[PDB]
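Data block below; observations after.
Cβ placement follows ideal geometry from the backbone for every residue including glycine, while neighbour counts extend to all protein chains displayed. Read-outs throughout are calculated quantities, based only on the coordinates presented, and are distinct from any laboratory measurement.
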Protein chains: 2
Amino acid sequence: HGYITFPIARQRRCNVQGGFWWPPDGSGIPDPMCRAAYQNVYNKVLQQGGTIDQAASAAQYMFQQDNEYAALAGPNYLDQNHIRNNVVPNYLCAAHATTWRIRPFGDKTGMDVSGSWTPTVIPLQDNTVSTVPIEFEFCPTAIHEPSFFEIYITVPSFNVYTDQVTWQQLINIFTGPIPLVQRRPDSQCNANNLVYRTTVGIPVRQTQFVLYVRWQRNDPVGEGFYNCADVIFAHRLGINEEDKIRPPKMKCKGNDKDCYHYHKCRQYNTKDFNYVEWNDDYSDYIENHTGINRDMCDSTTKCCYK
Amino acid sequence: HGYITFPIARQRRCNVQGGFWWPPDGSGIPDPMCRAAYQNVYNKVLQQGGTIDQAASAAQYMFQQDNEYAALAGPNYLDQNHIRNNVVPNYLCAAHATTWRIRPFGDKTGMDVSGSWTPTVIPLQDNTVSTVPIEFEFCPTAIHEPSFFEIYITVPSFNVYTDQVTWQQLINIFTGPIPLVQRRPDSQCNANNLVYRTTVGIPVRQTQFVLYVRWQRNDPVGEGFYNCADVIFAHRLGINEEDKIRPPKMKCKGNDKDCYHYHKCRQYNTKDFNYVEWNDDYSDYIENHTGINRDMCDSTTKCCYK
Ligand SMILES: [Zn+2]
Ligand SMILES: [Zn+2]
Ligand SMILES: [Zn+2]
Ligand SMILES: [Zn+2]
């Protein structure tokens, strides 16, 4: 049992943020995607003749079990076609938990909805890097050995706003054991003294992407843990350094001066231009001249029935 | 002569924002990409033995001539291979103006630098749309007829932060005459009573992209006007509606109430979680455990020379 702590797993972030214990309808959950995830399981149980308590119990079970996003593979856990077709065929972010009446693994299908899932923002040092190394931290709340990990990244055409995570949209970037090490005082994990920690080069994406992490136990039970992690790279602002022409080193003089550890925790207006007023009228232009409901003729054409 | 007013052309936005007349080194330009564009032409002239005035004159000529981002094609303006190889082979956003000593068309190469160019933000009604109609507005400051337009969009793999706009990264989405019509009171154009206005379905992009607009005169001179326009679609926040399970219409009662024109112009904290303090420590985690300078051993390992 466990979950990704860095980058924080989707279901882990929803659990830690809370507000899901009361009210029972999930209206206290501040994140809209964690709220929509809760409310989808809640609403689904109600549709199937469940009571408010059975609906709230199934939705709360999905959030509470953030360390048990699991599926049993049996003794044939190394068979790729067995995992992709029988163990986790779909509902990848839920680890194929689709039965609210049967626990384990209940119904965690709320976690596979598409939309604006909050990501870990990784800033780029330079916008030209091909890969960014990240030190993955997997938090085991229960210690299980022997075990191995598989880390996947979504293909560049995956869209988190509209797409379900599928095996056909995932690229394997890691496979093998991850050594069990001592947590650092820094650790995002607080279950025991140990973590799974490793550097993985993450291929750069110009869009929000998903990192799929499978933690498989090498045993006849074949229990595997599957987690979705939402990530995004922040681009560095300014000119690309390689395009920047530098001035020659000069020394100048004249009576017109205009002619020549810790870190820090409207501006575009000039003496010859008012950006605030211009950008407000330009925002209005965007609204009325883009989309299926844009102004075409009504502000210029008058008609009557003859 | 003219420039795109909607979506605002790259060189038009830099000109309107101002701050480029004084100081002569361009330090008064508020937008970093307009400033880097100015300073690249300024610095280039200085490197070639130009004086501060010849450097400031060439950089100011690039900004001032926002309606003359032009190239002469000659009588064979319909020959695609003549345009892509001889007329505008490179420096597409500058309309291949590479000579500061010779006017027209001077040096406008500052406009082809890569980086965080400010885009027109177009909000999506739904994140599942394939195309978004926009009403293009081309502002003619000089009226020229007969003439035609070609509108291009960049390929999905184009990256504005690092890539030069090339013909190999552009997809033609419009070709033909655009009727000359009366400006609307709404108009972003203020040169004369007329504009070029048309609806074009813009293919959806999940990243910042460029719209390349070529306004060609049908005449033996074959003067063409070429403009880059930076654009981005804003995604709608929340759950994708198609994934949303709705509750059944119910009527409830009990003593615990928790159980059941014009428009408008920290929040994620709950009674059971402090997000502000958690998200500050998590931002610090990102900084120290991502990138080539992340902490690996130094906070845990002590060494000495024997
Ligand atoms: Zn376990
Ligand atoms: Zn420092
Ligand atoms: Zn003209
Ligand atoms: Zn309204």
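Taking the condition over 23 Å from B:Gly28 (Cβ atoms), of a type in the set (D, E, K, R) and surrounded by 10 or more Cβ atoms within 10 Å (Cβ to Cβ), does A:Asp295 pass? Walk me through it before giving the result.
Values: over 23 Å from B:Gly28 (Cβ atoms): yes; of a type in the set (D, E, K, R): yes; surrounded by 10 or more Cβ atoms within 10 Å (Cβ to Cβ): yes.
So A:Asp295 passes the test.
Pick from the stretch A:98-132 the residues that are surrounded by fewer than 17 Cβ atoms within 10 Å (Cβ to Cβ) and closer than 29 Å to A:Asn192 by Cα: which of them is nearest to the other protein chains (Cβ to nearest Cβ)?
Residue satisfying both the conditions and the ranking: A:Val121.
Yes or no: B:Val155 surrounded by fewer than 21 Cβ atoms within 10 Å (Cβ to Cβ), under 22 Å from A:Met296 (Cβ atoms) and more than 16 Å from ligand 1 (Cβ to nearest atom)? Reasoning before the result, please.
Values: surrounded by fewer than 21 Cβ atoms within 10 Å (Cβ to Cβ): yes; under 22 Å from A:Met296 (Cβ atoms): no; more than 16 Å from ligand 1 (Cβ to nearest atom): yes.
Criteria not met by B:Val155.
Which of the residues that make up the stretch A:174-212 are more than 12 Å from chain B (Cβ to nearest Cβ), in contact with an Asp or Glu (Cβ under 9 Å, 6 or more places away or on another chain) and under 25 Å from A:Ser116 (Cα atoms)?
Residues satisfying the conditions are A:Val210, A:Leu211, A:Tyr212.
Might you let me know whether the stretch B:230-239 holds any residue that is within 13 Å of chain A (Cβ to nearest Cβ), within 16 Å of ligand 3 (Cβ to nearest atom), in contact with an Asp or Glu (Cβ under 7 Å, 6 or more places away or on another chain) and part of a loop (DSSP other than H, G, I, E, B)?
The answer is no; no qualifying residue exists.
Is it the case that the stretch A:136-147 has a residue that's surrounded by fewer than 19 Cβ atoms within 10 Å (Cβ to Cβ) and more than 16 Å from ligand 1 (Cβ to nearest atom)?
Step one: list which residues in the stretch A:136-147 are surrounded by fewer than 19 Cβ atoms within 10 Å (Cβ to Cβ), which gives A:141-146.
Then drop every residue that is not more than 16 Å from ligand 1 (Cβ to nearest atom), which leaves none.
No, the conditions are met nowhere in the stretch A:136-147.
Scan the stretch A:214-221 and tell me whether some residue there is in a loop (DSSP other than H, G, I, E, B), touching a strand residue (DSSP E or B) at 6+ places or on another chain (Cβ under 8 Å) and surrounded by fewer than 20 Cβ atoms within 10 Å (Cβ to Cβ). Break it down into steps so the answer makes sense when it comes.
Just the residues of the stretch A:214-221 that are in a loop (DSSP other than H, G, I, E, B), to begin with: A:218-221.
Those left that are additionally touching a strand residue (DSSP E or B) at 6+ places or on another chain (Cβ under 8 Å): A:218, A:221.
Right, trim to surrounded by fewer than 20 Cβ atoms within 10 Å (Cβ to Cβ) and you get A:218, A:221.
So far as the stretch A:214-221 goes, yes, one or more of its residues are in a loop (DSSP other than H, G, I, E, B), touching a strand residue (DSSP E or B) at 6+ places or on another chain (Cβ under 8 Å) and surrounded by fewer than 20 Cβ atoms within 10 Å (Cβ to Cβ).
Determine whether the stretch B:280-291 contains at least one residue that is within 30 Å of A:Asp53 (Cβ to Cβ), within 36 Å of the chain's Cα centre (by Cα) and assigned to a loop (DSSP other than H, G, I, E, B). Before you say what the answer is, go through the steps one by one.
Residues of the stretch B:280-291 within 30 Å of A:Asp53 (Cβ to Cβ): none.
No - not one qualifying residue is present in the stretch B:280-291.
Yes or no: the stretch A:232-248 includes at least one residue that is within 25 Å of A:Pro119 (Cα to Cα) and within 16 Å of ligand 1 (Cβ to nearest atom).
So far as the stretch A:232-248 goes, no, none of its residues is within 25 Å of A:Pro119 (Cα to Cα) and within 16 Å of ligand 1 (Cβ to nearest atom).
Which fully enclosed helices (runs of 4 or more DSSP H) of the stretch A:1-79 have 1 or more residues being within 13 Å of chain B (Cβ to nearest Cβ) and within 16 Å of ligand 1 (Cβ to nearest atom)?
Numbers: elements: A:10-17, A:32-47, A:52-64.
Qualifying helices (runs of 4 or more DSSP H): A:10-17, A:52-64.
Per-residue answers, yes or no, for (1) away from ligand 3 (no atom under 16 Å from the Cβ); (2) within 30 Å of B:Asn192 (Cα to Cα); (3) not β-branched (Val, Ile, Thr):
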site: B:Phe6; (1), (2), (3): yes, yes, yes
site: B:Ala9; (1), (2), (3): no, yes, yes
site: B:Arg12; (1), (2), (3): no, yes, yes
site: B:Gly50; (1), (2), (3): yes, no, yes
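Pairs, please: C-beta under 8 Å, at least 6 apart or cross-chain, first residue among the β-branched types (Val, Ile, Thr) and in the stretch B:213-227, second surrounded by 22 or more Cβ atoms within 10 Å (Cβ to Cβ) and not in a strand (DSSP E or B)?
Pairs that qualify, where the first residue is among the β-branched types (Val, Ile, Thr) and the partner is surrounded by 22 or more Cβ atoms within 10 Å (Cβ to Cβ) and not in a strand (DSSP E or B), are B:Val213/B:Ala9.
Would you check which residues across the stretch A:122-147 are of a type in the set (A, V, I, L, M) and in contact with a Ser or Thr (Cβ under 8 Å, 6 or more places away or on another chain) and list them?
Here is the first cut: in the stretch A:122-147, the ones of a type in the set (A, V, I, L, M) are A:122, A:124, A:129, A:132, A:134, A:142-143.
The answer is A:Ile122, A:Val132, A:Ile134.
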